[PDB]
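Undergrad: Here it is, the structure, as structure tokens.
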Amino acid sequence: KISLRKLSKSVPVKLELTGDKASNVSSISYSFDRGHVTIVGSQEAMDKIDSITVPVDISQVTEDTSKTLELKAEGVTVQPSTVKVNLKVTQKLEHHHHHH
């Protein structure tokens with residue numbers, strides 16, 4: 001029954017773009033310094049969590065910036081549960097048409 005009562009695992013974060021893309025933006029990208037955090041709790045809870053979804057609104061995003069996002073899950077203790085995310089915005093600009 002496992003005498004020990006201590007365990008830790010890693011759950012990569014998955015960002016899902018939510019909202020309509022700005023008409024003045026061709027495309028948006030995102031990155032992370034680690035994109036991985038340590039969780040502590042029962043093995044059953046860990047087996048249930050395969051990853052942490054972190055949705056972000058891009059509709060209000062029209063310029064390059066970064067925001068701190070806190071992660072929480074019921075059944076495990078997420079810590080530091082904080083990561084920095086940089087959102088680069090690409091400005092649309094016409095150019096020479098592709099010959100191909």
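Ligands are numbered from 1 in the order shown, chains are lettered A, B, ... in the order of the structure tokens, and residues start at 1 in each chain.
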Give the helix (DSSP H, G or I) residues of chain A, as assigned by DSSP on the backbone, as a PDB file with N, CA, C and O atoms, in the first residue's frame.
TA:
ATOM      1  N   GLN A  43      -1.404   9.715  -6.152  1.00  0.00           N
ATOM      2  CA  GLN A  43      -1.084   9.193  -7.479  1.00  0.00           C
ATOM      3  C   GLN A  43      -2.338   9.160  -8.353  1.00  0.00           C
ATOM      4  O   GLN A  43      -2.259   9.355  -9.566  1.00  0.00           O
ATOM      5  N   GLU A  44      -3.486   8.888  -7.739  1.00  0.00           N
ATOM      6  CA  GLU A  44      -4.747   8.802  -8.477  1.00  0.00           C
ATOM      7  C   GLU A  44      -5.060  10.128  -9.161  1.00  0.00           C
ATOM      8  O   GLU A  44      -5.470  10.155 -10.321  1.00  0.00           O
ATOM      9  N   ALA A  45      -4.867  11.226  -8.436  1.00  0.00           N
ATOM     10  CA  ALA A  45      -5.134  12.553  -8.981  1.00  0.00           C
ATOM     11  C   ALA A  45      -4.188  12.859 -10.141  1.00  0.00           C
ATOM     12  O   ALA A  45      -4.592  13.439 -11.145  1.00  0.00           O
ATOM     13  N   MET A  46      -2.926  12.463  -9.991  1.00  0.00           N
ATOM     14  CA  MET A  46      -1.918  12.695 -11.031  1.00  0.00           C
ATOM     15  C   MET A  46      -2.260  11.909 -12.295  1.00  0.00           C
ATOM     16  O   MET A  46      -2.095  12.414 -13.407  1.00  0.00           O
ATOM     17  N   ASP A  47      -2.722  10.672 -12.132  1.00  0.00           N
ATOM     18  CA  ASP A  47      -3.066   9.822 -13.270  1.00  0.00           C
ATOM     19  C   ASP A  47      -4.255  10.402 -14.032  1.00  0.00           C
ATOM     20  O   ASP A  47      -4.436  10.124 -15.217  1.00  0.00           O
ATOM     21  N   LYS A  48      -5.064  11.214 -13.344  1.00  0.00           N
ATOM     22  CA  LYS A  48      -6.240  11.840 -13.960  1.00  0.00           C
ATOM     23  C   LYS A  48      -5.826  13.072 -14.767  1.00  0.00           C
ATOM     24  O   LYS A  48      -6.415  13.371 -15.804  1.00  0.00           O
TER      25      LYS A  48
END
Undergrad: Can you write out as a tab-separated table which residues of region 24-66 of chain A fall within 8 Å of region 75-82 of chain A, alongside each residue's closest atom pair and its distance in Å to one decimal, counting only C-alpha atoms and ordering rows by chain and ascending residue number?
TA:
residue	atom	partner	partner_atom	distance
A:37	CA	A:81	CA	6.3
A:38	CA	A:79	CA	6.2
A:39	CA	A:78	CA	4.7
A:40	CA	A:77	CA	5.1
A:41	CA	A:76	CA	4.5
A:42	CA	A:76	CA	7.1
A:45	CA	A:75	CA	5.8
A:46	CA	A:76	CA	7.5
Undergrad: Considering only C-alpha atoms, return as a PDB file with N, CA and C atoms, in the first residue's frame whatever protein or nucleic-acid residues lie within 7 Å of region 27-31 of chain A, sequence-local ones (same chain, fewer than 6 positions apart) excluded.
TA:
ATOM      1  N   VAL A  85       5.038  34.193 -19.853  1.00  0.00           N
ATOM      2  CA  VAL A  85       4.683  33.881 -21.247  1.00  0.00           C
ATOM      3  C   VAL A  85       4.776  35.161 -22.081  1.00  0.00           C
ATOM      4  N   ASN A  86       5.531  35.086 -23.180  1.00  0.00           N
ATOM      5  CA  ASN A  86       5.705  36.227 -24.089  1.00  0.00           C
ATOM      6  C   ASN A  86       4.875  35.984 -25.341  1.00  0.00           C
ATOM      7  N   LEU A  87       3.992  36.929 -25.663  1.00  0.00           N
ATOM      8  CA  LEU A  87       3.113  36.831 -26.836  1.00  0.00           C
ATOM      9  C   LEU A  87       3.588  37.817 -27.887  1.00  0.00           C
ATOM     10  N   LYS A  88       4.170  37.308 -28.977  1.00  0.00           N
ATOM     11  CA  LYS A  88       4.659  38.157 -30.058  1.00  0.00           C
ATOM     12  C   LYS A  88       3.539  38.358 -31.074  1.00  0.00           C
ATOM     13  N   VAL A  89       3.280  39.618 -31.436  1.00  0.00           N
ATOM     14  CA  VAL A  89       2.236  39.957 -32.411  1.00  0.00           C
ATOM     15  C   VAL A  89       2.899  40.306 -33.741  1.00  0.00           C
ATOM     16  N   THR A  90       2.404  39.715 -34.832  1.00  0.00           N
ATOM     17  CA  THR A  90       2.944  39.965 -36.178  1.00  0.00           C
ATOM     18  C   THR A  90       2.023  40.944 -36.902  1.00  0.00           C
TER      19      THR A  90
END
Undergrad: Going by DSSP on the backbone, which residues of chain A come out as strand (DSSP E)? List them as a ChimeraX atom specification.
TA: /A:8-10,13-18,25-32,38-41,52-57,65-70,76-79,82-91
Undergrad: Using only C-alpha atoms, determine which residues lie at most 8 Å from region 13-17 of chain A, disregarding the query and same-chain residues fewer than 2 positions distant; provide the list as a list in words.
TA: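 Close residues of region 13-17 of chain A: residues 11, 19, 35, 36, 51, 52, 53, 54, 55, 56, 57 and 58 of chain A.
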Undergrad: In Å, with one decimal, what is the gap from CA of residue 33 (chain A) to CA of residue 9 (chain A)?
TA: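 Going from CA of residue 33 (chain A) over to CA of residue 9 (chain A) covers 18.5 Å.
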Undergrad: Please determine, counting only C-alpha atoms, which residue among A:26, A:20, A:1, A:49 has the shortest atom-to-atom distance to residue 74 (chain A).
TA: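 For residue 74 (chain A), the nearest of the candidates is A:49.
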Undergrad: Let me make sure I understand: among A:83, A:63, A:18, A:8, which one has the smallest atom-to-atom distance to residue 34 (chain A) if we use only C-alpha atoms?
TA: A:83
Undergrad: Under the rule that only C-alpha atoms are counted, which of A:98, A:6, A:32, A:93 is the nearest residue to residue 66 (chain A)?
TA: A:32
